[PDB]
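Coming up is one lone chain in structure tokens, specifically the form deposited in one PDB entry.
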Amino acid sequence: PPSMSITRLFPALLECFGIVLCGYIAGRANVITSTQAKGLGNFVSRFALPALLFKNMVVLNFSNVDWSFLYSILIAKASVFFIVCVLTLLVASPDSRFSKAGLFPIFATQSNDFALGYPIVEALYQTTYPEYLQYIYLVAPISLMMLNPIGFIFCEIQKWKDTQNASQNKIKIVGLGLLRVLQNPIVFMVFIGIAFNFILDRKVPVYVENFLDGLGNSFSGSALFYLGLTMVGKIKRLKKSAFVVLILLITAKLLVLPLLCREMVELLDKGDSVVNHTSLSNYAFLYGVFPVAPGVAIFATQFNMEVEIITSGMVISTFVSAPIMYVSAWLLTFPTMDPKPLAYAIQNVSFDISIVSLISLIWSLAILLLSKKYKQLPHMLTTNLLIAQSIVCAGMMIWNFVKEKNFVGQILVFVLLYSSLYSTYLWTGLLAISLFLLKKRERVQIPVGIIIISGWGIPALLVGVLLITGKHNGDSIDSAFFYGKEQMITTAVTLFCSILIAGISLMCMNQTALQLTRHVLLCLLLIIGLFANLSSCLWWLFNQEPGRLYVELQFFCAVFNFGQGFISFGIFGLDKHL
């Protein structure tokens, strides 16, 4: 029982974010401006989406719906809404506690299901369990109807605050929130679909079937395109602790909502089939991983309260959720399997990450080279770092196709890939040390040539030492055990020395105190990658038996080792002016 067509998930994550990338490219170039994107959004939100919802609620089978999963998923969302509203009510400022308490729990519970979740669920669940596709169209509008009025009451209280007549008349406000919920196209189109499911007896009329198919099949691509068009220039800057609350909200939505969904599904679904329960638990975890829908930013726009935070949160959560679906789904499918074909799964995941990392690295390198900022510090060491990560990805490109052909080509590919990887490891520390030296503003001529010589020679010297002294393992198909324990000891020493050098330089920068505003976080986000890289090397030497936690840590080593170009591109390449 595979219960997940996980082979065909990466093409789905390529479609759903390639159309978003196309919309973003068309928005920033200047092909479709904001006003014309408003017309495309008018088409999508008023013609394609109601036809999709109406068709899929007409043909829906209410006899075969496992309701236990449905109200378990809703109990999870209700708990998330309740806790986020509770601490947003306690800790926020009195002049804006009600707007935040009405918009943040809406932000932390409303997934982007009809645009992004439906193609991903369709790819993972058409050929194995086709009945899970209807739960999107069942759960998302019920979640809207049962969670949005509570938030809208608070935002209408905040709108009441400015006027301030102490009118009372609670009907006037809570019925206003309720009718705002009912005027949403999803809600009354699901009501109409529920009525016509019983009127027409679960069958769309033949004269109307093709019209509804033509309007519903145009929702996916145009909706993803309009979502990509929505993100142009909306990230803005922020303020201290607004960064922190943005981290907390996106962390809540993408982390504690899926674990609550899994826990309440494992608590409330009491079926007699274990494999069905396991597939329901995995699908419940996958459902919460979907990003925040743009309807929350629309709601904050019509209320005209906290528009910057919610818009930044949606455009940040959509990007951030893109690797989280892949990593989470491959972590869910790692139970059972088999010991030895797990290595091919790890290799396939690293290959699929390296494709996107190489393309984004080519983009960021082209932007940095054409803008002529590569000659000025500190961007020269960054250019060296991105070149090294490109050699890492190209080494995986070679290594996937040459592991079973020749020993000499495999040895050369391993030497090049680990030289580039170790160079990236110490290049993070070299960039941090250069940032600490430039932050002191002293008259010290920084030897950038000597730094580049060290960054190109020390990993090469380590690779040569591992080639001269290490013993080749012919039965090892994974890259992490090419020379056995000698290679892992060399990677552990390089990671520990680089993290300690970068950690001292990062702590010295705060005590001594674009450019430095983003540079630090790109240095910061790699240290979490190097910390997870160091722990798996420590886990292998001290423990003889590799457990399942070692499997998860090796997978995280693959993502934070081979997707560093993605993080670098998100920080550096996606930026204007240059």
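C-alpha atoms forming the largest set that superposes within 1.5 Å between two forms make up the rigid core. Numbers for residues come from their place in the sequence shown, where the first is 1.
Keep in mind that the form deposited in another entry is missing from the display, and what follows is about it.
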item	value
From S167, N217, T128, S96, residue displaced between this form and the one not shown - CA threshold 2 Å or more, rigid core	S167
Did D475 shift 2 Å or more between this form and the one not shown, C-alpha, core superposed	yes
Large Cα move at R237 between this form and the one not shown, threshold 2 Å, rigid core	no
Rigid core superposed: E442 CA moves 2 Å or more between this form and the one not shown	yes
